[PDB]
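Okay, here's what each chain looks like letter by letter:
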Amino acid sequence: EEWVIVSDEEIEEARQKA
Amino acid sequence: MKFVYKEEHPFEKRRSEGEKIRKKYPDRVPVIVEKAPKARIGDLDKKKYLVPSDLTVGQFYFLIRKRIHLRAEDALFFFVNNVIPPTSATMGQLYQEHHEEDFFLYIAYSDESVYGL
Ligand code: NI
Ligand code: NI
Ligand code: NI
């Protein structure tokens, strides 16, 4: 029921591998 | 395109949750992610994601891939209204064009390049 608020580092990992 | 989430929660309740979550996290877009019907691919533990509006679709591909534990050899396709969104588009752009009336963006994922195959 709760939302996954993707963390700033997992966001940063995604910006690197892209 | 059918989403189990919409079958299991009625519209009014979804809509009132979407209003609260757009207010609580205005900088983020709320995304319901579900496996496409007849897809042969890892299951996704959780459906509900808050993501920065300037995250690209390509970056969202990376985030979902990792949660379903796909090797980059494996393929992953998103669909929004039966259409693969552009990889370079941002989740904010997708949300503005394609949010549904409950204030959620609905994205199906699959291993196949056509929704429902
Ligand atoms: Ni509900
Ligand atoms: Ni469009
Ligand atoms: Ni609207």
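Scoring rules and cut-offs
- Residues numbered from 1 in each chain as written, not as in the entry; some residues may be left out.
- Chains lettered and ligands numbered in written order.
- Heavy atoms only, no water.
- Residues with missing side-chain atoms left out of burial classes, pairs and counts.
- Core = buried A, V, L, I, M, F, W, Y, C linked by side-chain atoms within 4.5 Å.
- Buried < 20%, exposed > 50% of the residue type's maximum accessible area, 1.4 Å probe, protein only.
- Helix = DSSP H or I, 4+ residues; strand = E, 2+ residues; numbered from the N terminus.
- Contact = heavy atoms within 4.5 Å.
- Donors = N, O, S within 2.8 Å, 3.2 Å for Na, K, Ca; no water.
- Axes fitted to C-alpha atoms, helices over the stretch in contact; angles between N-to-C directions.
- Parallel < 35°, antiparallel > 145°, perpendicular 65-115°, else oblique.
- Left-handed = near helix turned anticlockwise from the far one by under 90°.
- Nonpolar A, V, L, I, M, F, W, Y, C, P; charged D, E, K, R; others polar.
- 1 Å grid on protein atoms, 1.4 Å probe; cavity = no way out; pocket = protein on both sides within 12 Å on 5 of 7 lines; lining within 4 Å.
- Points joined across faces, edges and corners; volume = space filled by probe spheres on them.
- Pairing = 2+ DSSP bridges.
- Salt bridge = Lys/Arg side-chain N within 4 Å of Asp/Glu carboxyl O.

X-ray crystallography is the method the PDB entry states for this structure, with the resolution given as 2.750 Å.

Chemist: Before we move on, could you go through the nonpolar core and cite the residues and values that matter?
Modeler: Grouped together as the largest cluster of nonpolar side chains are 43 residues, with contacts concentrated most on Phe 60, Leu 76, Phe 78 and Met 91 of chain B. When contributions to this core are tallied by element, the ones reaching two or more residues are α1 (8-16) of chain A together with β1 (28-35), β2 (48-52), α3 (57-68), β3 (77-79), α4 (91-98) and β4 (105-110) of chain B. With residues up to four places along the chain from it excluded, the contact list for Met 91 of chain B reads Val 29, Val 31, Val 51, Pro 52, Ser 53, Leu 55, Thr 56, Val 57, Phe 60, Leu 105 and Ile 107 of chain B.

Chemist: Before we move on, can you summarise the coordination of the nickel ion (ligand 2) with the specific residues and values?
Modeler: Around the nickel ion (ligand 2), the donor atoms from the protein are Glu 97 of chain B (OE) and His 98 of chain B (NE2), and they sit 2.4 to 2.8 Å away. For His 98 of chain B, a relative accessible area of 27% gives the class partly exposed.

Chemist: Let's hear about the packing of α1 of chain A against α3 of chain B: which residues, and what values?
Modeler: Following both chains from N to C, one finds α1 of chain A and α3 of chain B inclined at 115°, their axes separated by 8 Å at the closest point. The angle between α1 of chain A and α3 of chain B falls in the class roughly perpendicular. Crossing of α1 of chain A over α3 of chain B shows right-handed handedness. Residues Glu 10, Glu 13, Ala 14 and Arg 15 of chain A of α1 of chain A form the contact with α3 of chain B, whose participating residues are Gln 59, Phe 62, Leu 63, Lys 66 and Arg 67 of chain B. Its residues assigned to classes, the contact of α1 of chain A with α3 of chain B comprises 3 nonpolar, 1 polar and 5 charged.

Chemist: Residue-level account of the layout of surface pockets, with values.
Modeler: Roughly 190 Å³ of volume is contained in the largest pocket. What lines the largest pocket is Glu 1 and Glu 2 of chain A together with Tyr 5, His 9, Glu 17, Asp 45, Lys 46, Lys 47 and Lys 48 of chain B. Among the residues forming the lining of the largest pocket, the class breakdown is 1 nonpolar, 1 polar and 7 charged.

Chemist: For the interface of chain B and chain A, give the residues involved together with the corresponding values.
Modeler: Counting residues at the interface gives 21 residues for chain B, matched by 13 residues for chain A. For the side of chain B that touches chain A, the secondary-structure elements that each account for two or more residues are α2 (11-24), β1, β2 and α3 of chain B.

Chemist: Could you give me a rundown of the sheet that holds β1 of chain B, with the residues and numbers involved?
Modeler: The 5 strands are arranged β1(A)-β2(B)-β1(B)-β4(B)-β3(B) in an open sheet whose pairing can be described as mixed. Edge positions in the sheet fall to β1 (4-5) of chain A together with β3 of chain B, since each of these pairs with one other strand and no more. Taken together, the 3 bridges between β3 of chain B and β4 of chain B define a ladder with antiparallel strand orientation. Bridging across to β4 of chain B, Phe 79 of chain B finds its partner in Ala 108 of chain B. α2 of chain B contacts β1, β2 and β4 of chain B of the sheet and is inclined by roughly 140° relative to β1 of chain B.

Chemist: With reference to specific residues and values, describe the pattern of salt bridges.
Modeler: All names here are of chain B. Inspection of every chain in the model, using the stated rule, returns 12 salt bridges over all chains. In this structure, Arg 14 and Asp 102 form a salt bridge, with 3.0 Å as the shortest nitrogen-oxygen distance. Here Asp 102 lies in the loop between α4 and β4 and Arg 14 lies in helix α2, a separation of 88 residues in the sequence. When the shortest N-O distance is used, the salt bridge between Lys 48 and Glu 17 registers 3.0 Å. Taken together, the residues span a long stretch of sequence, with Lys 48 in strand β2 and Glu 17 in helix α2 at a distance of 31 residues. One continuous salt-bridge network, built from bridges that share partners, spans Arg 40, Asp 111 and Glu 112.

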